[PDB]
Ligand SMILES: O=C(O)c1ccccc1O
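Following this line, the structure appears as structure tokens:
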């Protein structure tokens, strides 16, 4: 699970 | 908003 | 087998949440001219609901921004023109559905159940056009919506049980039309209350395959009544 | 169109959840050749994340269906041809972004902050290509992703504070790359743990403008660590 805006 | 929706 | 492949592709598109692909598959199925099964009818309905639904949602957001930017001339003009672009897409989608209903779906419906389903659908897509219409155009559109819903309403009262999900779903949308389009809260409340009370009086007529849909619509009818009488 | 007009239209499209419109506006802004502001950079990033995101999500659904169809050759073929169609769209979007980064964004980045931002973005879009690539060209794509992330990683360690959201966001995605693309759980855990611990040791460097983004990424880093060590 990568970067959240 | 509460329709069937359809 | 070709129609069956288009239907399988539509079901794949539904799972992938690719509703333009889903609608294109079901539009091609409809255009083959054969009467749609209950499954096909529902796949076509789900596809276009999501396609039109995205535009109705965007329209509401942009209209709210347009109202909130009163005083800022550049910002408000931009919100107005983007709303106009969304409306054009919305009208094109509604006209696509209404054309399928007039040419294939309504003339070939051989059962009361499917005829009521398509007439309610005609009522719904003219109602979506009415939500963004103005002037003389609006009067005609609103009329068309009311006529489709009225014919569906009369057939359902004559041929279907009060607990039938299609009869209930129609009463839900027709009451929404009176409240939101015709600005008639009392007619909307009277329709919704009658539909709820007639279904409550005949709960013995419920079927194992559709009791969930029926009870969910009954809950939606009563939620609207509570909201409109508060 | 005017630069400030295109940016306002992109912000309207974002609120309306019309990410194709948002990306088209920001692509035109980028193509004007002038260095993007922090706001413009973020609008371009959000737009393409959602555009590519919809394809990555659809790809996962369709691949899962294709794998669970082991046994039915014709039905499996349909899911495979649909996955390939989704992959083509995904590759076209990634190639679009990577072209913007090489031609305009990376050469014109005049600060360490924006240079790190664009190199992380280059790492991300080659990683998305790597997720749908096979054998021989996959190796080159994986190498391009690692090189972009490595250069961004070195600049961030030298020029940014451990709590900087861009430095943290880069450590989050680079650790995801080691775990998911290189199949190296220990290097992924080591990268994520170091980034979390160094930010925890310097919480006094948090700013009011970016403490929300920093703490959210720290939570995501630790969530990954918990998942990868279970
Ligand atoms: O729980 C976390 O991951 C966390 C992250 C940032 C700051 C304090 C925290 O407990």
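Protein chains in written order, with the deposited numbering: chain C, 616 to 620; chain D, 615 to 620; chain B, 1 to 230; chain A, 1 to 230. We treat Cβ as the ideally placed atom computed from N, Cα and C, and that holds for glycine.
Nearest-angstrom Cα separation, counted from residue j out to residue i
{"i": "residue 118 of chain B", "j": "residue 161 of chain B", "result": "18 Å"}
{"i": "residue 107 of chain B", "j": "residue 113 of chain B", "result": "14 Å"}
{"i": "residue 73 of chain A", "j": "residue 11 of chain B", "result": "18 Å"}
{"i": "residue 159 of chain B", "j": "residue 79 of chain A", "result": "41 Å"}
{"i": "residue 101 of chain B", "j": "residue 95 of chain A", "result": "41 Å"}
{"i": "residue 76 of chain A", "j": "residue 67 of chain A", "result": "8 Å"}
{"i": "residue 127 of chain A", "j": "residue 615 of chain D", "result": "41 Å"}
{"i": "residue 185 of chain B", "j": "residue 221 of chain B", "result": "13 Å"}
{"i": "residue 163 of chain B", "j": "residue 1 of chain B", "result": "36 Å"}
{"i": "residue 210 of chain B", "j": "residue 201 of chain B", "result": "17 Å"}
{"i": "residue 156 of chain A", "j": "residue 167 of chain A", "result": "6 Å"}
{"i": "residue 42 of chain B", "j": "residue 620 of chain D", "result": "9 Å"}
{"i": "residue 617 of chain D", "j": "residue 8 of chain B", "result": "28 Å"}
{"i": "residue 115 of chain B", "j": "residue 183 of chain B", "result": "27 Å"}
{"i": "residue 153 of chain A", "j": "residue 228 of chain A", "result": "21 Å"}
{"i": "residue 151 of chain A", "j": "residue 38 of chain A", "result": "20 Å"}
{"i": "residue 25 of chain A", "j": "residue 90 of chain A", "result": "19 Å"}
{"i": "residue 27 of chain A", "j": "residue 125 of chain A", "result": "16 Å"}
{"i": "residue 180 of chain A", "j": "residue 105 of chain A", "result": "27 Å"}
{"i": "residue 136 of chain B", "j": "residue 188 of chain B", "result": "24 Å"}
{"i": "residue 99 of chain B", "j": "residue 71 of chain B", "result": "41 Å"}
{"i": "residue 87 of chain A", "j": "residue 212 of chain B", "result": "39 Å"}
{"i": "residue 176 of chain A", "j": "residue 139 of chain A", "result": "17 Å"}
{"i": "residue 225 of chain A", "j": "residue 131 of chain B", "result": "50 Å"}
Coarse secondary structure for residue i, derived from DSSP in three states
{"i": "residue 162 of chain B", "result": "coil"}
{"i": "residue 84 of chain B", "result": "helix"}
{"i": "residue 187 of chain A", "result": "helix"}
{"i": "residue 238 of chain A", "result": "Any answer about residue 238 of chain A is impossible in this case: the structure gives chain A only from 1 up to 230."}
{"i": "residue 18 of chain B", "result": "coil"}
{"i": "residue 617 of chain D", "result": "coil"}
{"i": "residue 194 of chain B", "result": "helix"}
{"i": "residue 116 of chain A", "result": "helix"}
{"i": "residue 170 of chain A", "result": "helix"}
{"i": "residue 229 of chain B", "result": "coil"}
{"i": "residue 37 of chain A", "result": "coil"}
{"i": "residue 218 of chain A", "result": "helix"}
{"i": "residue 182 of chain B", "result": "coil"}
{"i": "residue 77 of chain B", "result": "helix"}
{"i": "residue 47 of chain B", "result": "helix"}
{"i": "residue 134 of chain A", "result": "coil"}
{"i": "residue 98 of chain B", "result": "helix"}
{"i": "residue 8 of chain B", "result": "helix"}
{"i": "residue 32 of chain A", "result": "coil"}
{"i": "residue 203 of chain A", "result": "helix"}
{"i": "residue 1 of chain A", "result": "coil"}
{"i": "residue 111 of chain A", "result": "coil"}
{"i": "residue 208 of chain B", "result": "coil"}
Problem - Contact list for the stretch 104–137 of chain B against chain D, Cβ threshold 8 Å - result: 120, 121, 124
Exercise for the section: Take every Cβ of the stretch 50–62 of chain A, pair it with every Cβ of the stretch 74–92 of chain A, and state whether three or more of those distances are shorter than 8 Å. Expected result: yes
Practice task
Mind the definition here: the stretch 44–60 of chain B touches the stretch 6–25 of chain A only if three or more C-beta pairs lie below 8 Å; say whether that holds.
Solution key: yes
Exercise for the section: For the stretch 35–49 of chain B and the stretch 111–128 of chain B, state whether three or more C-beta atom pairs, one from each stretch, are separated by less than 8 Å. Expected result: yes
Exercise for the section: Could you please go through the chain and list the residues whose beta-carbon is closer than 6 Å to any non-hydrogen atom of ligand 1? Expected result: A:215, A:218, A:219, A:222
Exercise for the section: May I ask you to list, following chain order, the residues of the stretch 47–74 of chain A that have a beta carbon less than 9 Å from some beta carbon of chain C? Expected result: 49, 50
Problem - Three-pair Cβ contact test at 8 Å for the stretch 141–155 of chain A versus the stretch 194–205 of chain A - result: no
Exercise for the section: Below 7 Å between beta carbons is the criterion; list the residues of the stretch 13–42 of chain B that meet it against any residue of chain A, in chain order. Expected result: 15, 16, 17, 18
Exercise for the section: Check each residue of the stretch 167–189 of chain A: if its Cβ is closer than 8 Å to any Cβ of chain C, include it; give the result in chain order. Expected result: 169, 172, 173, 176
Handout entry: Contacting positions in the stretch 211–223 of chain A - beta carbon closer than 8 Å to chain C
Key = 216, 217, 220, 223
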